[PDB]
Amino acid sequence: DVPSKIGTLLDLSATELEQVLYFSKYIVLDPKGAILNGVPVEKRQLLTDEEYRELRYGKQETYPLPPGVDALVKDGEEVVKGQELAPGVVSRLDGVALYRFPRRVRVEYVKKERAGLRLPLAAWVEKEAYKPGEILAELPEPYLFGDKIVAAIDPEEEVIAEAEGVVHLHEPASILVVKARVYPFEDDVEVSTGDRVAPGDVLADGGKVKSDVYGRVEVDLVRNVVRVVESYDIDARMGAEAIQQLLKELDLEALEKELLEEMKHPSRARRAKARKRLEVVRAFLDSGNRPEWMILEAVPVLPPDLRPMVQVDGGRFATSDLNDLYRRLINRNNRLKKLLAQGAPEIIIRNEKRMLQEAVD
Amino acid sequence: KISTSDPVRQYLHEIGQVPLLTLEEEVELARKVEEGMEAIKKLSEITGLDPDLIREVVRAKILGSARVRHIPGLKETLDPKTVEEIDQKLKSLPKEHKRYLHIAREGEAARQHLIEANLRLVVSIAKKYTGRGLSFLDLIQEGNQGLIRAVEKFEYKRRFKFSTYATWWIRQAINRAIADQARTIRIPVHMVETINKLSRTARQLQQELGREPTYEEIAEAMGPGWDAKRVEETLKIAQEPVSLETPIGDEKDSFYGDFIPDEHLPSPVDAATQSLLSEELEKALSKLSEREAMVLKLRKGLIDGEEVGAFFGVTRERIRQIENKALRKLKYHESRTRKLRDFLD
Ligand SMILES: [Mg+2]
Ligand SMILES: [Mg+2]
Ligand SMILES: [Mg+2]
Ligand SMILES: [Mg+2]
Ligand SMILES: [Mg+2]
Ligand SMILES: [Mg+2]
Ligand SMILES: [Mg+2]
Ligand SMILES: [Mg+2]
Ligand SMILES: [Mg+2]
Ligand SMILES: [Mg+2]
Ligand SMILES: [Mg+2]
Ligand SMILES: [Mg+2]
Ligand SMILES: [Mg+2]
Ligand SMILES: [Mg+2]
Ligand SMILES: [Mg+2]
Ligand SMILES: [Mg+2]
Ligand SMILES: [Mg+2]
Ligand SMILES: [Mg+2]
Ligand SMILES: [Mg+2]
Ligand SMILES: [Mg+2]
Ligand SMILES: [Mg+2]
Ligand SMILES: [Mg+2]
Ligand SMILES: [Mg+2]
Ligand SMILES: [Mg+2]
Ligand SMILES: [Mg+2]
Ligand SMILES: [Mg+2]
Ligand SMILES: [Mg+2]
Ligand SMILES: [Mg+2]
Ligand SMILES: [Mg+2]
Ligand SMILES: [Mg+2]
Ligand SMILES: [Mg+2]
Ligand SMILES: [Mg+2]
Ligand SMILES: [Mg+2]
Ligand SMILES: [Mg+2]
Ligand SMILES: [Mg+2]
Ligand SMILES: [Mg+2]
Ligand SMILES: [Mg+2]
Ligand SMILES: [Mg+2]
Ligand SMILES: [Mg+2]
Ligand SMILES: [Mg+2]
Ligand SMILES: [Mg+2]
Ligand SMILES: [Mg+2]
Ligand SMILES: [Mg+2]
Ligand SMILES: [Mg+2]
Ligand SMILES: [Mg+2]
Ligand SMILES: [Mg+2]
Ligand SMILES: [Mg+2]
Ligand SMILES: [Mg+2]
Ligand SMILES: [Mg+2]
Ligand SMILES: [Mg+2]
Ligand SMILES: [Mg+2]
Ligand SMILES: [Mg+2]
Ligand SMILES: [Mg+2]
Ligand SMILES: [Mg+2]
Ligand SMILES: [Mg+2]
Ligand SMILES: [Mg+2]
Ligand SMILES: [Mg+2]
Ligand SMILES: [Mg+2]
Ligand SMILES: [Mg+2]
Ligand SMILES: [Mg+2]
Ligand SMILES: [Mg+2]
Ligand SMILES: [Mg+2]
Ligand SMILES: [Mg+2]
Ligand SMILES: [Mg+2]
Ligand SMILES: [Mg+2]
Ligand SMILES: [Mg+2]
Ligand SMILES: [Mg+2]
Ligand SMILES: [Mg+2]
Ligand SMILES: [Mg+2]
Ligand SMILES: [Mg+2]
Ligand SMILES: [Mg+2]
Ligand SMILES: [Mg+2]
Ligand SMILES: [Mg+2]
Ligand SMILES: [Mg+2]
Ligand SMILES: [Mg+2]
Ligand SMILES: [Mg+2]
Ligand SMILES: [Mg+2]
Ligand SMILES: [Mg+2]
Ligand SMILES: [Mg+2]
């Protein structure tokens, strides 16, 4: 309705803000959201998926994967494991792999040039070390005059019972803008933050764990490398959900008095807006009902006989067009529920909530 | 701003930023998915906790906070304390089983990533099941639902990549839906293919006679037990329901609805009827020997339609006795003072 009764009340872009979050996913930082964009949290401002995504998972997600098998697979490896690669880290082989972002790095897979300091993946492949303590002897002929395999015998990501369970592919060099700890200790002020030397590990696993200002914790049982990304519980929501929240947390009286001041004192502009914004807050607050109801989570269903299903001629049935719309809603909503339970990749949830929204319209 | 585009852009965007590497990336996540399962199981084993419970708690800590448990499936599980306590015993698991915990989580996460990267796959498929009767958005969504199903049974031990695998699972979910929701009236799948068959048959039958084939042709052409009565019945179900609200006659304000009459409602005359019938019948019910008059009056007009089982304790001979002597004494003094004669029906 031209004066969006909800946009008027909730001082949000009267006509554009809503449209943006309501039907799509242009989140509005509902409560807190510590971490910055360059400025403090947007208490009631909106952001885009890109900037949003660039908040939760850390400042950068780069996955420059090298070509060939030796070239770039050697420049990075020598400076990826533990070696805190600074901004603009110039890897040196194909072209110039540009690690233009923060803290530490984690390389993915290796081919078959030289194996050293890696994980226990190939450990089983070449018995000697997994079988006995021969990894030291692994060093061919120089040993007579943690990992350090032979000069070069293996090739791809496999299980060596027999060369059956294999996987011959690339070598990703994904830079993860996150701070890596390996030997965190215990200080009992607050609840044990992080981890211990090697034994005790109180941290939640590789997913969502809140320590200090940094808020995500991945785990690598290789070295005691407790990966701690930094963003926090930035309450980000879109669609009627977000708005429902906002409308409930509102002491109309306050905004009634606030506007009272805003109305009479400042110049025409903002005070004019305030008057048109006071009318509704007044109506509601008056004999009127309480405004948390503009939200719909429970759709009444119009009577049956009023939306007949009748027999016409032979096999021809005739019904109110309303019934089709109802199924539209019913199905989506059902698909929704299934979709949340069965697991839920963001894209698909929203994409449906969108449809669901349109359906309700 | 007109849906379609936005969501297309939406995942084509995340796909465009993260497609899955033909092998490496696909195999990777996969291996992490299965071990998650193996983990949750072994967890369930060591904790005596339900795998469904192990699966939901790990999901929480990875996918969302109390927000996702509370609003979706109602608060059966304590938004905080419950899931927390659960996560606790997970920590208590020593260096051995703890390992699985960390595995379950990471696997679950791996799962998601696999799903995201293969959304375009759905779109391409679903893009061909367009004109079936479902919204393209609905078609992809269901197809998507199928993709996830595919993520439940894929065995990476069996070399063949996910691509071909999801194809089937999706298409299955798609067709299912198509036959399930695309109608104002649910009809079993069997009857669906049947109609197709008939339809297809009519086409070939529309190929030479130059006559829209009589229900004889169709019965013949289709096969075994096909008959005129059959075909006529099928096509009558095929036809989609028309709008109770439709332009009528000389296309004006006239709406189809006002044209359909009523039958339940007793139009005034029937109301009048019920009055006299009830009043008069009640006047005759009071002038009668209760026993076998009320038995049949109640057995016939009060419950359902059993001579022996009609009278309480007195057997059939006393039933037939008063039933046929009272009903006749009843019918004839009513023959005298003619009140019911004029068939109220
Ligand atoms: Mg309006
Ligand atoms: Mg505003
Ligand atoms: Mg910046
Ligand atoms: Mg900035
Ligand atoms: Mg706010
Ligand atoms: Mg992260
Ligand atoms: Mg940042
Ligand atoms: Mg160079
Ligand atoms: Mg840094
Ligand atoms: Mg490699
Ligand atoms: Mg090597
Ligand atoms: Mg090593
Ligand atoms: Mg051994
Ligand atoms: Mg020697
Ligand atoms: Mg020596
Ligand atoms: Mg020496
Ligand atoms: Mg020496
Ligand atoms: Mg091998
Ligand atoms: Mg093996
Ligand atoms: Mg081989
Ligand atoms: Mg094998
Ligand atoms: Mg190959
Ligand atoms: Mg102390
Ligand atoms: Mg240690
Ligand atoms: Mg511990
Ligand atoms: Mg302790
Ligand atoms: Mg921290
Ligand atoms: Mg910390
Ligand atoms: Mg309060
Ligand atoms: Mg406020
Ligand atoms: Mg106050
Ligand atoms: Mg004030
Ligand atoms: Mg409301
Ligand atoms: Mg509302
Ligand atoms: Mg009916
Ligand atoms: Mg009916
Ligand atoms: Mg007609
Ligand atoms: Mg109507
Ligand atoms: Mg899943
Ligand atoms: Mg996602
Ligand atoms: Mg989409
Ligand atoms: Mg979207
Ligand atoms: Mg692109
Ligand atoms: Mg088992
Ligand atoms: Mg037990
Ligand atoms: Mg809630
Ligand atoms: Mg639930
Ligand atoms: Mg307990
Ligand atoms: Mg204990
Ligand atoms: Mg999973
Ligand atoms: Mg279509
Ligand atoms: Mg197998
Ligand atoms: Mg197969
Ligand atoms: Mg099914
Ligand atoms: Mg055929
Ligand atoms: Mg054709
Ligand atoms: Mg025919
Ligand atoms: Mg038919
Ligand atoms: Mg007319
Ligand atoms: Mg008209
Ligand atoms: Mg009408
Ligand atoms: Mg009609
Ligand atoms: Mg009318
Ligand atoms: Mg009727
Ligand atoms: Mg009449
Ligand atoms: Mg009468
Ligand atoms: Mg008697
Ligand atoms: Mg008697
Ligand atoms: Mg009877
Ligand atoms: Mg009967
Ligand atoms: Mg009987
Ligand atoms: Mg009896
Ligand atoms: Mg009896
Ligand atoms: Mg009885
Ligand atoms: Mg007796
Ligand atoms: Mg007689
Ligand atoms: Mg007599
Ligand atoms: Mg008579
Ligand atoms: Mg008399």
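Chain B carries the name principal sigma factor in the PDB entry, which gives Thermus thermophilus as its organism. The deposited PDB record carries the title "Structural basis for transcription regulation by alarmone ppGpp".

Looking at the PDB entry, one finds chain A named DNA-directed RNA polymerase beta' chain and attributed to Thermus thermophilus.

S.K.: Is there a simple way to think about the overall build of chain A in this case?
M.R.: Secondary structure assignment for chain A yields nine helices and twelve strands. For 361 residues, the compact-globule formula gives about 21 Å, and the C-alpha radius of gyration of chain A, at 30 Å, lies well above that figure. With the C-alpha coordinates of chain A rotated into their principal frame, the extents come out at 95 × 75 × 45 Å.

S.K.: Just to check I follow, could you spell out the sheet that holds strand β5 (residues 105–107) of chain A for this structure?
M.R.: Picture the strands of a sheet paired through backbone hydrogen bonds; they go either parallel or antiparallel. Residue and element names in this part refer to chain A. With respect to topology, three strands assemble into an open sheet ordered β2-β6-β5, the strand pairing being antiparallel. Of all strands in the sheet, those with a lone pairing partner are β2 (61–62) and β5, marking the two edges. Across three bridges, the pairing between β5 and strand β6 (residues 173–176) is antiparallel. Note that in β6 the partner of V105 across the bridge is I175.

S.K.: I tried to follow the domain arrangement of chain B on my own but got confused; where do I start?
M.R.: Frequently, the measure chosen for interface size is the accessible area removed from exposure when the parts meet. In terms of domain boundaries, chain B breaks down into domain 1 (1–183), domain 2 (187–240) and domain 3 (266–342). The centre of domain 2 of chain B, based on its C-alpha atoms, is set 52 Å off from the matching centre of domain 3 of chain B.

S.K.: Can you help me understand the pattern of salt bridges in this one?
M.R.: Opposite charge on two side chains allows them to pair when their charged atoms are near. All names here are of chain B. Across all of its chains, the model carries 27 salt bridges over all chains by this definition. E108 is the partner of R59 in a salt bridge, and the nearest nitrogen-oxygen pair spans 2.7 Å. With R59 in helix α3 (residues 51–63) and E108 in helix α6 (residues 98–117), the pair connects residues that are 49 residues apart, well separated along the chain. For the pair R59 and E108, a shared accessibility class is recorded, and that class is buried.

S.K.: Looking at this structure, how should I read the nonpolar core?
M.R.: Nonpolar side chains in soluble globular proteins tend to be buried together. Residues and elements named next belong to chain B. If you look at the biggest cluster of nonpolar residues, it comprises 34 residues, and the most contacted ones within it are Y11, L139, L147, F162, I170 and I174. The biggest single contributor to this core is helix α9 (residues 162–181), with eight residues. Filtering out sequence-adjacent residues up to four positions away, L147 remains in contact with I115, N118, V122, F162, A166 and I170. In terms of nonpolar packing, the next biggest core, distinct from the first, is built from 17 residues, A39, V57, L90 and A109 among them.

S.K.: Teacher, can you tell me more about the interface of chain B and chain A here?
M.R.: In this assembly, 57 residues from chain B lie in contact with 63 residues from chain A. Put simply, the parts of the chain that give the side of chain B that touches chain A at least two residues each are α1 (5–17), α2 (24–47), α3, α5 (81–92), α6, α8 (136–153) and β1 (242–243) of chain B. Sort the elements by how many residues they give to the side of chain B that touches chain A and α6(B) lands first, with eleven residues. Of the residues that constitute the side of chain B that touches chain A, the class distribution is 17 nonpolar, 15 polar and 25 charged. As paired strands, strand β12 (residues 317–319) of chain A and β1(B) are joined by two bridges and run parallel to one another. Residue A:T319 lies in a different strand from β1(B), and its bridge partner there is B:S243.

About the criteria used
- Residues numbered from 1 in each chain as written, not as in the entry; some residues may be left out.
- Chains lettered and ligands numbered in written order.
- Part of a larger assembly, values for the part shown.
- Heavy atoms only, no water.
- Residues with missing side-chain atoms left out of burial classes, pairs and counts.
- Helix = DSSP H or I, 4+ residues; strand = E, 2+ residues; numbered from the N terminus.
- Rg over C-alpha atoms; globule rule 2.2 N^0.38 Å.
- Pairing = 2+ DSSP bridges.
- Domains from an automatic or database assignment.
- Salt bridge = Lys/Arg side-chain N within 4 Å of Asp/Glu carboxyl O.
- Buried < 20%, exposed > 50% of the residue type's maximum accessible area, 1.4 Å probe, protein only.
- Core = buried A, V, L, I, M, F, W, Y, C linked by side-chain atoms within 4.5 Å.
- Contact = heavy atoms within 4.5 Å.
- Nonpolar A, V, L, I, M, F, W, Y, C, P; charged D, E, K, R; others polar.

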